[PDB]
Amino acid sequence: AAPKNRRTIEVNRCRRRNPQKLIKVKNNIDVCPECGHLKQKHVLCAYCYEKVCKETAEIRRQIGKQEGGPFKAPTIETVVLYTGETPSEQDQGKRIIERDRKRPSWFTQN
Amino acid sequence: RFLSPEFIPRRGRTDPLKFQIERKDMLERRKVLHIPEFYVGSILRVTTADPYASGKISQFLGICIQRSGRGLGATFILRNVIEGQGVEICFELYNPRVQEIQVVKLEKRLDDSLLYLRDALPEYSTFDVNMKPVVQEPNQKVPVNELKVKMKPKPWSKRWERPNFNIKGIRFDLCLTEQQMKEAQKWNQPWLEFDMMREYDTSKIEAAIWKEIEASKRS
Amino acid sequence: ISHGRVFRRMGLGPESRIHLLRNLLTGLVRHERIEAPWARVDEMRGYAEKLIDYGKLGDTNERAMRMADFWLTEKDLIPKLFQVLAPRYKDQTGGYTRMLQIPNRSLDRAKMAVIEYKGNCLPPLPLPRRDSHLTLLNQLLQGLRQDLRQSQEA
Amino acid sequence: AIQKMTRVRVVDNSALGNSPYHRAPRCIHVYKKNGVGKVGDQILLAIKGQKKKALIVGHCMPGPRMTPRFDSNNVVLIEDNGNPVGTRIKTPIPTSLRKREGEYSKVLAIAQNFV
Amino acid sequence: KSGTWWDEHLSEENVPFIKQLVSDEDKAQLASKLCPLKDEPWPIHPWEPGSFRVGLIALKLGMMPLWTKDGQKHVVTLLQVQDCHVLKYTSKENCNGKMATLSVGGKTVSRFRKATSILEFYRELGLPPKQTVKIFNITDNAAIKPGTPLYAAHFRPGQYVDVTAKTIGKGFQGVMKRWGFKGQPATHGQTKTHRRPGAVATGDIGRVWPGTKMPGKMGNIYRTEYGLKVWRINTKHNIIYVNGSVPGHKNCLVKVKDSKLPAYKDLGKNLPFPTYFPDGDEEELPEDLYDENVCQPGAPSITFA
RNA sequence: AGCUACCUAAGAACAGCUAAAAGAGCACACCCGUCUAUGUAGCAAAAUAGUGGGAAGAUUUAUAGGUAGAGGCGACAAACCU
RNA sequence: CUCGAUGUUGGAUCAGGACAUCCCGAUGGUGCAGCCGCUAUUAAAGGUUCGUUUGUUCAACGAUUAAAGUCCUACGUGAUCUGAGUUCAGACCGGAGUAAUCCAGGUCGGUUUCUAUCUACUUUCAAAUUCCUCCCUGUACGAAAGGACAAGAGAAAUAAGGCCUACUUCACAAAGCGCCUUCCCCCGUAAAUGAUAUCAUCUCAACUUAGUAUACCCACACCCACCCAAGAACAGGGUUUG
Ligand SMILES: [K+]
Ligand SMILES: [K+]
Ligand SMILES: [Mg+2]
Ligand SMILES: [Mg+2]
Ligand SMILES: [Mg+2]
Ligand SMILES: [Mg+2]
Ligand SMILES: [Mg+2]
Ligand SMILES: [Mg+2]
Ligand SMILES: [Mg+2]
Ligand SMILES: [Mg+2]
Ligand SMILES: [Mg+2]
Ligand SMILES: [Mg+2]
Ligand SMILES: [Mg+2]
Ligand SMILES: [Mg+2]
Ligand SMILES: [Mg+2]
Ligand SMILES: [Mg+2]
Ligand SMILES: [Mg+2]
Ligand SMILES: [Mg+2]
Ligand SMILES: [Mg+2]
């Protein structure tokens with residue numbers, strides 16, 4: 001099967017610009033109250049998620065340095081401590097991960 | 001506690017009210033007709049009203065090879081060899097024409113279905129129609145007859161050696177070579193054993209079913 | 001027609017799907033929080049909950065040990081399951097993970113999720129929170145509730 | 001259950017049905033509109049190179065519940081009158097055939113065993 | 001201008017409170033309608049030949065066997081009457097048809113997911129919204145005051161009903177599954193042609209006739225099953241037991257109506273008219289009404305003799 | 001005549017099993033291309049998958065050389081000679 | 001008309017139409033007692049089998065059937081299939097030719113491309129047909145032999161439309177081999193009364209008789225997200241399971 005005739009630009013403009021083919025305006029965008037950047041309502045904030053991921057990566061590099069090899073996941077819980085912090089009573093017997101910076105305001109010591 | 005298998009419904013989107021209402025009719029019919037505990041592998045005698053039988057009553061004795069269905073439609077298949085002719089009947093547990101179900105011999109087998117007896121030697125499907133009931137002691141474990149049957153030559157009605165069938169009560173060593181057994185393992189699905197999401201836990205369903213059974217008998 | 005079909009068709013087939021879901025679940029047990037395409041994380045989430053329940057059976061349970069051995073492809077994680085993760089969730093009866101949509105993947109624009117075991121040592125995810133009870137709407141409703149409580153006592 | 005080309009087992013004691021032959025007896029017609037024979041239906045056989053009517057008295061295909069299912073497809077040779085060709089049927093046959101005493105009085109008369 | 005759903009702006013504390021509040025209100029709106037005869041009903045006329053009464057909306061619970069005294073097995077479909085009420089009356093004059101109509105509603109759903117005009121309608125009626133609403137052509141003497149509850153015992157064993165629902169949706173289907181076309185041989189040379197329509201017209205006309213059977217969406221349309229016998233009514237749970245199968249999936253809503261097949265014309269002489277009013281009924285019905293031929297569960301075993 | 005037909009010089013390969021005289025059988029590597037499906041601007045200006053025929057021989061194959069269009073070469077198919 | 005191509009005999013698939021009707025309906029005649037026939041008028045809603053054989057259409061034959069209709073549709077339909085045949089290159093037999101070759105004479109073998117631009121169409125539409133058994137009845141009808149019919153009651157098949165309780169293939173489901181439901185008409189004639197033509201006359205006289213639907217659908221959010229028995233996308237249902 002081949003076209004019997006060329007389709008005119010008038011026919012093609014009626015197909016290409018049909019409201020079905022047009023991009024739709026989104027109405028679920030909003031400002032993240034924590035950082036002020038934009039986000040979709042049902043999706044996490046890209047900026048705040050990245051901030052959390054950058055620190056998770058730093059903590060994971062510390063976990064890597066302590067374990068020092070593959071197949072060495074510990075059999076006890078872990079705690080992340082920041083400069084100026086000490087193990088509490090409930091952090092005894094836990095693997096301690098030391099981060100050389102101040103605790104972020106958003107990563108509360110629970 | 002033995003809960004007869006037709007009380008545990010299959011997984012699905014059925015509204016639980018429907019199984020409750022159905023259970024009430026199954027339990028009322030059980031007041032009229034005593035439905036005894038039995039398994040695939042038990043020898044049973046079923047008496048049924050038959051408008052065309054002599055005396056208008058039929059009696060069949062056979063080995064239960066299948067228990068299937070749920071609810072008031074639930075059935076079992078009895079199989080016997082009679083004058084060297086294999087025969088089997090699918091009985092409806094709750095059909096009001098059933099007059100009596102007698103457990104001649106209560107026992108369990110290595111498999112949950114004995115459909116492969118259709119391809120076993122006739123002896124393993126032959127049971128005397130006048131055999132007397134074996135007494136079952138109280139509070140004794142149900143016996144598991146560990147008979148591995150000998151088979152007729154291939155082809156069989158189904159490919160019983162394939163892993164999907166998971167049959168343990170066949171003397172495969174006598175009827176199949178090692179090369180024939182190696183081919184069948186190509187259909188093995190070792191991951192299926194570990195698919196946690198496929199597991200259907202009916203423990204909490206049975207607990208509530210037991211409360212209904214006890215409630216009906218209490219009143 | 002796919003009425004009532006509860007599982008996805010992923011990977012290269014049924015064994016391949018499990019192997020994908022197993023690799024993901026293994027990563028979740030090591031790192032406590034992974035990101036991956038949203039549907040795979042959705043499909044894997046059911047198994048991650050079931051793995052904890054097997055861990056709560058204990059390492060002396062032969063069936064649970066056989067299940068853990070299949071699902072955890074790095075064997076140091078088998079002692080972690082029974083001795084770290086499961087004791088962490090002994091009080092809970094379910095809901096051991098939380099799953100959240102994150103922005104689409106850059107390269108192929110795939111819908112993505114982040115999934116984590118609850119109670120892990122990582123920095124908290126920026127979870128969504130309901131409006132404060134102090135908003136105009138929630139204060140009008142609060143007034144409504146207490147007015148009822150007053151009349152309910154009568 | 002029984003259709004054209006189905007090989008049947010003649011279970012009455014007819015000489016025609018029990019004499020050895022190089023070709024197994026084979027249904028060549030089912031006297032039913034849809035062409036699928038069940039218990040109580042008549043079929044035409046190609047048996048020993050001849051054509052003989054038979055009555056189906058058992059088959060391997062599942063029927064309704066409470067009815068017997070046999071390991072073989074069993075027939076009884078009949079005449080165009082309905083009269084049995086043999087005189088003894090040892091193998092069991094369904095009691096449901098006793099609903100058609102009108103048409104099959106003589107065939108039921110030679111039946112020893114019922115199931 | 002952005003969209004909003006009912007709980008978007010609510011706090012952790014107000015969400016449980018609002019759910020309890022809306023649920024309690026619905027339960028009490030339904031409880032306020034349980035005595036139609038003490039609430040100034042419309043005239044209760046006697047049944048007459050040529051008279052047409054209302055039907056119901058029920059939910060398909062599932063299927064079940066029953067047996068008749070003859071020993072015959074019949075399968076039946078359980079239809080549960082869930083919160084069926086009359087909603088609207090339209091006079092013969094305003095309907096634009098030859099009959100008056102009575103609008104009935106089926107299943108309670110969420111006020112949070114219904115349109116405002118619909119919420120405005122149900123607020124004026126004083127009921128929670130219904131999932132499905134169906135129109136029933138009635139004769140003038142069969143009108144019921146809107147808000148009146150309808151029950152399973154509106155129907156009686158031995159009667160016949162027509163049941164209408166949407167069939168199971170099967171999506172886009174080929175001609176074999178959709179129309180029973182034979183397709184083409186599996187082997188013997190066939191090239192990429194096993195499940196196709198074949199020819200769709202003749203060469204001469206140069207077109208395809210309207211109505212030609214072709215691949216397309218299958219199911220998910222309203223069918224009626226005519227003339228189903230009511231075997232049993234469970235009045236406690238409001239279950240109708242109709243003979244056989246009815247269109248649709250379990251847990252779908254069905255329209256149950258007195259059968260319009262001619263054999264069953266003017267069999268409503270002994271049926272409740274205009275409907276069954278349990279509050280008016282002097283003697284409570286038993287939990288189960290049975291057709292005479294049904295083997296009841298506790299009845300003794302059949303014994304042909 | 002770096003393809004292909006045929007030839008020259010001088011090389012190379014051919015597991016296991018059976019039988020044992022071997023243009024024997026079974027069967028790999030290897031050579032071929034019977035049948036089916038796929039593919040038909042292909043993955044491919046002839047392929048892919050399966051199934052096949054042969055596989056110590058008139059076998060298969062690397063290298064160099066020879067025969068040239070009124071011609072060559074040919075277990076004649078008017079085959080093959082970029 | 002088409003040789004800057006309208007390729008394909010039979011088959012498969014799906015069938016649209018005619019009526020000159022094979023069957024089912026209603027009539028008239030009969031060398032029509034009855035049962036079967038034969039012949040004509042009306043009727044195209046519904047239906048019109050499976051095999052052995054031949055590439056076959058055709059025919060023969062075996063079993064049936066209410067019946068196994070005749071025809072047209074580019075010898076309907078090959079951008080849907082098949083390729084036995086058919087009809088290029090290879091080869092064989094017989095014959096013809098000095099030979100190259102040839103022969104509606106046989107024989108074996110022999111590449112069936114196409115991603116759909118336009119037109120058209122893609123849930124018309126929920127009214128159903130037929131056989132058989134019983135019964136009427138061994139009655140009517142006949143010397144007998146035989147031997148029915150507008151009824152009545154059943155039980156089926158097929159065709160539509162659904163569905164999954166059980167069985168089966170299976171297994172949160174989809175299916176059939178399983179189950180459930182299925183509801184009007186039709187005109188040819190045959191007869192009264194009765195004039196033109198004071199009888200008669202069924203009447204292209206006026207006139208009187210046989211003898212003319214219902215059901216389904218139906219209110220309208222947010223249109224964040226999630227779920228679904230809804231679904232290609234879209235749409236739809238649910239979330240008082242956010
Ligand atoms: K031409
Ligand atoms: K070709
Ligand atoms: Mg012969
Ligand atoms: Mg087919
Ligand atoms: Mg091709
Ligand atoms: Mg194909
Ligand atoms: Mg060889
Ligand atoms: Mg050569
Ligand atoms: Mg030659
Ligand atoms: Mg030549
Ligand atoms: Mg041209
Ligand atoms: Mg047609
Ligand atoms: Mg043609
Ligand atoms: Mg040429
Ligand atoms: Mg010669
Ligand atoms: Mg010659
Ligand atoms: Mg060939
Ligand atoms: Mg040829
Ligand atoms: Mg095309």
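Scope of the values below: all heavy atoms of this structure, side chains included, with no hydrogens, waters or symmetry mates. Order of the sequence lines sets the chain letters (A, B, ...), proteins ahead of strands, with each chain counted from 1.
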Only residue of E:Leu253, E:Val254, E:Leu59 satisfying side chain to side chain contact (heavy atoms under 4.5 Å, CB included) with E:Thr132 is E:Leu253
Check if the side chain of E:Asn251 and the base of G:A229 share a donor-acceptor pair of N or O atoms closer than 3.5 Å.
-> yes
Would you mind classifying the nucleic acid contact of E:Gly3 as base, sugar-phosphate or nothing, using non-hydrogen atoms under 4.0 angstrom?
-> sugar-phosphate
Pairing nucleotide - G:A89, Watson-Crick or G-U, each distance under 3.5 Å = none
Pi stacking test for E:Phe172 and G:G231: under 5.5 Å apart, planes under 30° = no
From the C1'-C2'-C3'-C4' angle alone, say whether F:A78 leans north (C3'-endo side) or south (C2'-endo side).
-> south
Given the rule that positive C1'-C2'-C3'-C4' is north and negative is south, which one is G:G162?
-> north
Partner of C:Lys111 under side chain to side chain contact (heavy atoms under 4.5 Å, CB included), picked from C:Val41, C:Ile102, C:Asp42, C:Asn104, is C:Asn104
Heavy-atom count around D:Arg23 CZ within 6.0 Å, excluding the residue itself: above 12?
-> no
For nucleotides G:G46 and G:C19, find the distance between their P atoms and express it as a whole number of Å.
-> 15 Å
Would you check if the side chain of D:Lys32 reaches a backbone N or O of D:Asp41 as a donor-acceptor pair within less than 3.5 Å?
-> no
If you take atom types as modelled and just measure distance, does the side chain of B:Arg10 reach the base of G:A171 with a donor-acceptor pair under 3.5 Å?
-> yes
For G:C179 and G:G238, measure between their P atoms and round to the nearest Å.
-> 36 Å
With both distances under 3.5 Å as the test, what is the Watson-Crick or G-U wobble partner of F:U67?
-> F:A5
Have a look at B:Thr14 and say if it touches a base, only the backbone sugar-phosphate, or nothing, with a 4.0 Å heavy-atom cut-off.
-> nothing
E:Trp6 side chain N/O closer than 4.0 Å to the phosphate oxygens (OP1, OP2) of G:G242?
-> no
Please confirm if G:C141 pairs with G:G146, counting Watson-Crick and G-U wobble geometry and requiring both distances below 3.5 Å.
-> yes
What class does the angle between the rings of E:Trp231 and E:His74 fall in, given that below 30° is parallel, 30 to 60° is tilted and above 60° is perpendicular?
-> tilted
Two-distance pair test G:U56 G:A171, Watson-Crick or wobble, each under 3.5 Å | no
Using atom P of each nucleotide, how far apart are F:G52 and F:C35 to the nearest Å?
-> 14 Å
E:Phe112-G:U239 aromatic stacking (under 5.5 Å, under 30°) = no
If we call it a pair only when both distances are under 3.5 Å in a Watson-Crick or G-U wobble match, what pairs with G:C199?
-> none
Can you tell me, in whole Å, how much space there is between the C1' of G:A89 and that of G:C118?
-> 42 Å
Paired to G:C132 by Watson-Crick or G-U wobble criteria (both distances under 3.5 Å) is G:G154
Taking OP1 and OP2 of G:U240, is either one under 4.0 Å from a side-chain nitrogen or oxygen of E:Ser110?
-> yes
Taking for each residue the nucleotide of RNA chain G bearing the nearest heavy atom, is the 5' side occupied by E:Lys257 or by E:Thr212?
-> E:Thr212
Do the side chain of E:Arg113 and the base of G:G242 come within less than 3.5 angstrom through a donor-acceptor pair of N or O atoms?
-> yes
Does a side-chain N or O from C:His3 land closer than 4.0 Å to OP1 or OP2 of G:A230, or not?
-> yes
Salt bridge or not for E:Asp7 and E:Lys19, using N-O below 4.0 Å?
-> no
Pair of N/O donor and acceptor under 3.5 Å linking G:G161 base with E:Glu225 side chain | yes
Using the six-membered ring of E:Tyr226, assess whether NZ or CZ of E:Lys260 lies under 6.0 Å from its centre and within 45 degrees of the ring axis.
-> yes
Classify the side chain of E:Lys73 and the base of G:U165 as holding, or not holding, a donor-acceptor pair under 3.5 Å.
-> yes
Aromatic ring of E:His249 stacked on base six-ring of G:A229, 5.5 Å, 30° | yes
Watson-Crick or G-U wobble between G:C14 and G:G76, both distances under 3.5 Å?
-> yes
Ignoring hydrogens and angles, are the base of G:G162 and the side chain of E:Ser245 linked by a donor-acceptor pair under 3.5 Å?
-> yes
Rounded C1' spacing from G:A67 to G:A157 in Å | 15 Å
Among the nucleotides G:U214, G:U239, G:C234, whichever has the atom closest to the side chain of E:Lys217 is G:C234
Determine the Euclidean distance between corresponding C1' atoms of F:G33 and F:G11; express it in Å to zero decimal places.
-> 29 Å
Of the nucleotides G:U123, G:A166, G:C228, which one has an atom closest to the side chain of B:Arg13?
-> G:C228
Any Watson-Crick or G-U wobble pairing between G:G242 and G:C224, both distances under 3.5 Å?
-> yes
So which nucleotide does G:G62 pair with, by the Watson-Crick or G-U wobble rule with both distances under 3.5 Å?
-> G:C50
Decide yes or no, distance alone: a donor-acceptor N/O pair under 3.5 angstrom between the base of G:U117 and the side-chain of A:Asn5.
-> no
At under 4.0 Å between heavy atoms, what does E:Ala263 touch on the DNA or RNA strands: base, sugar-phosphate, or nothing?
-> nothing
Base G:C183 to side chain E:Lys260, donor-acceptor N/O within 3.5 Å cut-off | yes
E:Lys255 NZ/CZ over E:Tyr222 ring centroid, <6.0 Å and within 45° of normal | no
Classify the sugar of G:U53 as north or south, using the sign of the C1'-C2'-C3'-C4' torsion: positive means north, negative means south.
-> north
Just checking A:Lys26: base, sugar-phosphate only, or nothing, at a heavy-atom cut-off of under 4.0 Å?
-> nothing
Base-pairing result for F:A9 and F:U63, Watson-Crick or G-U at under 3.5 Å = yes
Base-pairing assignment for F:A49 (Watson-Crick or G-U wobble, both under 3.5 Å) = F:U36
Cationic N near anionic O, under 4.0 Å, E:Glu12 to C:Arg129 = no
Has C:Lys111 got a side-chain N or O lying under 4.0 Å from the OP1 or OP2 atom of G:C226?
-> yes
Counting heavy atoms from C-beta on, name the nucleotide in G:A63, G:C217, G:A79 closest to the side chain of E:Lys255.
-> G:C217
Which base, if any, makes a Watson-Crick or G-U wobble pair with F:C14, both distances under 3.5 Å?
-> F:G57
Contact under 4.0 Å: E:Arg196 side-chain N or O vs G:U80 OP1/OP2 = yes
Report yes or no: is G:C24 base-paired to G:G109 (Watson-Crick or G-U wobble, both distances under 3.5 Å)?
-> no
Between G:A219, G:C167, G:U240, which one does the side chain of E:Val133 approach most closely?
-> G:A219
Between G:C234, G:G242, G:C121, spot the one nearest the side chain of C:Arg130, thanks.
-> G:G242
Is there a donor and acceptor pair, one atom on the side chain of E:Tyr122 and one on the base of G:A219, closer than 3.5 Å?
-> yes
Answer with yes or no whether E:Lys182 presents, from its side chain, a donor or acceptor under 3.5 Å of a partner atom in the base of G:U13.
-> no
Does the distance from a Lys or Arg side-chain N to an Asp or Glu carboxylate O, for B:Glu92 and E:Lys73, drop under 4.0 Å?
-> no
Distance between the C1' atoms of G:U181 and G:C202, in whole angstroms?
-> 47 Å
Watson-Crick or G-U counterpart of G:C36, or none if no pair lies under 3.5 Å = none
If the P atom of G:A213 is compared with that of G:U209, how far apart are they to the nearest Å?
-> 25 Å
Closest nucleotide of RNA chain G for D:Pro64 versus for E:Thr167: which of these residues is on the 5' side?
-> E:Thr167
